[PDB]
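Protein chains in written order, with the entry's author numbering: chain Z, 1 to 218; chain P, 1 to 218; chain E, 201 to 250; chain Y, 51 to 100; chain U, 51 to 100; chain H, 1 to 74; chain R, 1 to 74; chain L, 1 to 215; chain G, 1 to 215.
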Amino acid sequence: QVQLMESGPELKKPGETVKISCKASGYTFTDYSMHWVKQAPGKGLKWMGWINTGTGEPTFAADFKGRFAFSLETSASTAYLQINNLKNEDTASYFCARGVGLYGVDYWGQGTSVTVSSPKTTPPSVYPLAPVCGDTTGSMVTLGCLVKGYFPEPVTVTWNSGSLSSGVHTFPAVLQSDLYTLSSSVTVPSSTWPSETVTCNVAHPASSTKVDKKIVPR
Amino acid sequence: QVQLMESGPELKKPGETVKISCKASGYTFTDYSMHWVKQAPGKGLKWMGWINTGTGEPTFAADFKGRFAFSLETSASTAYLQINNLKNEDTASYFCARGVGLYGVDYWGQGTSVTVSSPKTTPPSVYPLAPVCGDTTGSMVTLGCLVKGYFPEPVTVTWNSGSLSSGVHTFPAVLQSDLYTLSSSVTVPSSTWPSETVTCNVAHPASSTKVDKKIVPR
Amino acid sequence: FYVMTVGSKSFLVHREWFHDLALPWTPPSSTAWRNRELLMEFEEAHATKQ
Amino acid sequence: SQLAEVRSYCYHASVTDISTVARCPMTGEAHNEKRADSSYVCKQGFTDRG
Amino acid sequence: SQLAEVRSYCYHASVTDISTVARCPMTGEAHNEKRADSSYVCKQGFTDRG
Amino acid sequence: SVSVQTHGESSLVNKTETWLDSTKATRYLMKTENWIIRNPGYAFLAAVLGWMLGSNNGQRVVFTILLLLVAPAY
Amino acid sequence: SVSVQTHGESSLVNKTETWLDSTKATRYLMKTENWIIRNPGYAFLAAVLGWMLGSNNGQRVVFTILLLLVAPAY
Amino acid sequence: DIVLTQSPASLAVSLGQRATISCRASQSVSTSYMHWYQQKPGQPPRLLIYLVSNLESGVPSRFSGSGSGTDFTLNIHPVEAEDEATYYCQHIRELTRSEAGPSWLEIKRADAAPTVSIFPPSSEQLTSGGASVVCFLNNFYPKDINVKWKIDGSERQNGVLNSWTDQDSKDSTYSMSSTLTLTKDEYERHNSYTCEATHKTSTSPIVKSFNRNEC
Amino acid sequence: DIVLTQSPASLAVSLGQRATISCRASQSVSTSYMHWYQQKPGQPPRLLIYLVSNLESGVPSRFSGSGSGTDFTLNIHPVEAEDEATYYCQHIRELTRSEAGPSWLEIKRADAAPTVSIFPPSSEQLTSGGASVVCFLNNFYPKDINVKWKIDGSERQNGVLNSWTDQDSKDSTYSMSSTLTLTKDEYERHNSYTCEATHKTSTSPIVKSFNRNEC
């Protein structure tokens, strides 16, 4: 099977240099243009360029010219995008793509997301978010977990060890001052809270911090 | 005594056409250039162009090309700035300028401020502004005249028929819904108000409304 | 002829000959020029550098 | 009395923002987008390579 | 197996936004700013006037 | 260029002193000489071909002195 | 002067890109052509001279086309 | 330089319905050599149609790319719950290679209102001096929604932090969190903290509030 | 094609002092053919210097034009209360003719605080349903000032209209009007009404405020 396999997602800092691998598999490396495509975290596919697999000769889009090094290891059939002078714009998911050429790119690297930024690994502030009079919706008391100020992602936010799946909506962690806050919300019936404990169990493998906060009535 | 006498400032509406007369005097007309310089109401001198005085051949700056007609009448030595398809931008003080040419322009039309905009003449809504405890500064109780929503300018805002100019700062009339508010501040000692009448007298010749508003305490 | 301003002063030049001046030149008003390279030069490419 | 400017000439120029985008052998025509700006003067060419 | 692009040709083209900036007799070189845009093809010329 | 193909000469109206006058008078002879004076080894070979061909005496001379001018400004 | 009498050509070692190279080739022909392009009236009357004299055919042209270049800038 | 634009940006559909995804070549005649790349969130892209006219091997004939050279369409006559995805069209006729702004496959359903719950900052958070008022707008379809944080009757757009789920795997709704993060000082200097959620299911905002003076 | 800039934009000066006003030709060498123009407000500008080096006839020798061809200077060694004016310089070497961003002569003085007076909407306006809170900031020098309208502790920049005098002919100060225009409903749905003004004479805003609940 032809499979484009790449390096792993990598946290980086501004000014650094990243080289994302792409290893060819299941096909003759030489014969197909190896391509690179930038998917910015919010943006769609923005094609970075292609390095000629026969010659090892890179070709860059006017954008990607000059900051980025396409390189091809031949024997082991690995392709590389090396980004130099890492920038917070260089934070993005990056894809090597095997050219079927004038038919474009058939397959794709499994994906490699660079995160270029300064911050240091930080534990979350996990806040049990209790409902008030209006926050009790029908029989259900919606409950919440404010997971606040951690770098990097992810945190693993479960609810009573994940025993609450359904009413849970764990909402996306986003950047705050290069730290992450997610406010996760379980919807539990007022019959089960605070009669049954609702404890949002928040594990942050990067900071190695597992923080468990029971939501208690205000 | 070379003098460039233009037309008067002229209120206009968009979509209209204006021709500013400039009569030239004090010199043999044919022998100089005749220049036009737009001074936008808030912006510095923007040179509109020039017409040949002898030939009558206009030439315009790139911005001024195509909407504007430089026309001369030889005998009475009247230069003309004509602005066609009037637009709000066409509101500005416009200046014919007798060319000393490479030596610049020596003399100037007395100015014509065209005013291009839709509104219809509207009287002022004038408020005798009664100060409060926080409005009394030392001996002086500052008093005010809120002129509101008139077109066009001016309104003539005096204080007790102008007997007070002393603590009077009549502040510039500005646009509201193509109507005007000037707010006049007389600064009078608390001994003179409200012991003596302090009455802002707002005369609007365009709407023919002379509005006298006496400030009495709240 | 024309009246050719060279430095502060201006000078008479045959208007035929005047266009024949080979030198970066201008729309009488403003901007977009012709042969503006004739005052400019080039170099070798040493790597990308020129 | 009144004279009109027939055209203009720039007799002294300043090269600004020299930008050379180099492409590999046999990539043919190089591309530096500043051709899209007349303020720039762009020149094709080549970098001899090892 | 794998090919490189030498250049591209436009075999059918599209005229867009025709603009003609006129000037009087003896006004000489006609100034249209669109010469600053290569996407605009600009052409000098004249209209013999009455 | 900037140096060569001057307005010279206006020759219109003009009983007067031109912008640059004594230059245009001595531009021709001097620099032509100043080049061939700089290269005297160039000069003598021009006198050869005038007598080489045409064999007409008085018009043989027309070749030489006219060729001394040639190489300056080629 | 800064006009003519340039260092070109040095031609001492100096195997390289010269300061100004290609423009030097167009000095002699064009500006002499440009003047006789400026005055074809000269080009009409100029080349008739050599064929008037000597009846020597091929060399009668030696005066003609070469004296054409003599006219611009002397 | 050749541009493609792929319309719509998203389509809410029934699975099995025909939702065709248009594309167009801004330049030249791209002719063939356009494609369709399905990329579901967090995936490497997956190529569907090639030459704009031809399936890849893995992608079933439900996917149909169509259109020639200035204009193109990605059709799936039976769009599916498995077809829920982000699709791209890629002009290959020229370098540079680029991608049109996608179309999404959303699964159409009943319109659901957000369950909206405004939790004041945890006493745990208040003890930290920071105050984040979290408003969880939950289980709403479609995703069309807005958060408005009102403070003492004066609506505050500052400190607002929004995090929302996607089309919600069970009910295919969306859930949202609105987090109003205040300094506990300004959290305590103002009282009524009101998140109100306007949603296509609601002609008005769904108002969830607390005055700290209340309990 | 050729651009100019004239510095300073304004200069607060002792009259009689030497304030030299710079100018520069962005393009070419304008050589001669720059010209100084004084415009007192509401006037056609009065041409001062010609060839930028030569006085006009009507302008006094106090004006000194100077500078060559890429740069120029308007010097008045005895700047005056009459020399108070908006000064221009114009490259004429090339059509298009243009001007530099002008230079004002301001007469320097002591720094004066604004006399700040916040007038609630008069009953005449309150009867109209419109409400304008008008704050007259009188006789401040310098002109450098910033007004703010605070409402219930939440600053409102809306309905805010500002009209200020120029350098005030006698004290040479500047007077300003700050105006807070409100719908009488929003004027009466909120209470504290404050014009705070930070002026160079004060390190803090000069606060003049009322509450409708106050008087």
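No residue lacks a Cβ here, since even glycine has one placed at the ideal position from N, Cα and C.
Cβ pair Z/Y150, Z/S207 closer than 8 Å
With contacts defined by Cβ atoms closer than 8 Å, Z/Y150 and Z/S207 form a contacting pair.
Report the residue from Y/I68, Y/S69 and Y/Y59 whose alpha carbon sits nearest the alpha carbon of E/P228.
Y/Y59
Which chain E residues sit within Cβ distance under 9 Å of H/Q5?
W217, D220, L221 and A222
Burial state of U/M76 (16 or more Cβ within 10 Å)
exposed
For U/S88, the three-state DSSP class (helix, strand or coil)
In this structure, U/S88 counts as coil in the three-state DSSP scheme.
Please identify, using Cβ separations under 7 Å, the residues of the stretch 25-58 of chain G that lie next to chain E, in order along the chain.
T31 and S32
Continuous beta strand (DSSP E) assignments of at least 3 residues falling wholly in the stretch 131-163 of chain G
145-151
Quick check on Z/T78: buried or exposed, where buried means 16 or more other Cβ atoms within 10 Å of its Cβ?
buried
If the cut is a Cβ gap below 8 Å, which residues of chain U does P/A62 touch?
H81 and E83
Quick one: any contact between the stretch 186-196 of chain Z and the stretch 97-115 of chain Z, if contact means 3 or more CB pairs under 8 Å?
no
Run down chain H in chain order and give the residues with a C-beta less than 9 Å from the C-beta of R/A71.
For R/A71, no chain H residue has a Cβ inside 9 Å of its Cβ, as the nearest lies near 10 Å away.
What three-state label does DSSP hand L/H199 in the structure shown?
Here L/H199 sits in strand by DSSP.
What residues from chain E crowd round G/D1, counting only those whose CB sits closer than 9 Å?
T226, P227, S229, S230 and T231
Do Z/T122 and Z/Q82 have their beta-carbon atoms positioned less than 8 Å apart in this structure?
no
Does the distance from the C-beta atom of G/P114 to that of G/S132 stay below 8 Å?
No, these two residues do not count as a Cβ contact at 8 Å.
Out of L/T31, L/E186, L/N138 and L/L11, which one is the CA nearest neighbour of L/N75?
L/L11
Within 8 Å of any Cβ in chain L, is that where the Cβ of G/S154 sits?
Cβ-Cβ to chain L under 8 Å: yes for G/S154.
Is it true that the stretch 42-51 of chain P meets the stretch 93-113 of chain G, where meeting means three or more beta-carbon pairs spaced less than 8 Å apart?
yes
Quick one: which chain Y residues come within Cβ less than 8 Å of E/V203?
Within 8 Å Cβ-Cβ: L53.
For the stretch 86-98 of chain Y, which residues have a CB atom closer than 7 Å to at least one CB atom of chain G, in sequence order?
none
Quick one: grab the DSSP three-state call for L/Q125.
Three-state result, L/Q125: helix.
Spatial neighbours of Y/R73 within its chain, please: C-beta separation below 6 Å, excluding the five flanking residues on both sides.
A80
If contacts are defined as beta-carbon pairs under 8 Å, then residue 228 of chain G and P/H169 qualify, I think. What distance do you get, rounded to the angstrom?
Lying before the first or after the last residue shown, residue 228 of chain G is absent from chain G, which here runs from 1 to 215.
Cβ of Y/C74 less than 8 Å from any chain E Cβ?
Judged by the 8 Å Cβ criterion, Y/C74 is not in contact with chain E.
With distance defined between alpha-carbon atoms, name the residue in L/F119, L/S66 and L/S57 nearest to Z/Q1.
L/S57
By DSSP's criteria, H/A25 is part of a beta bridge. Which residues make up the other side?
H/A25 pairs with nothing; no bridge assigned.
In chain order, what residues of the stretch 106-120 of chain G put their CB closer than 7 Å to some CB of chain P?
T115, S117, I118, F119 and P120
Here's the rule I'm using: 16 or more other beta-carbon atoms within 10 Å means buried, otherwise exposed. How should Z/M140 be labelled?
buried
Is any beta-carbon of chain L found at less than 8 Å from that of G/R212?
False, the Cβ-Cβ gap to chain L never drops below 8 Å.
Output, in chain order, the set of chain E residues within a Cβ distance shorter than 8 Å of Y/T70.
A245, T248, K249 and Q250
Would you say the stretch 133-153 of chain L touches the stretch 200-208 of chain L, given that touching needs at least three Cβ pairs under 8 Å?
The answer is yes - the stretch 200-208 of chain L touches the stretch 133-153 of chain L, with three or more Cβ pairs under 8 Å.
The beta strand (DSSP E) that contains U/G100, what's its start and end?
U/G100 -> no beta strand (DSSP E), and no H or E assigned at all.
Counting only runs that start and end within the stretch 24-55 of chain H, where is the alpha helix (DSSP H) found for 4 or more residues in a row?
40-52
Where P/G167 sits in the DSSP three-state scheme
coil
For the stretch 162-196 of chain G, enumerate the residues whose C-beta is nearer than 9 Å to any C-beta of chain L, in chain order.
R189 and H190
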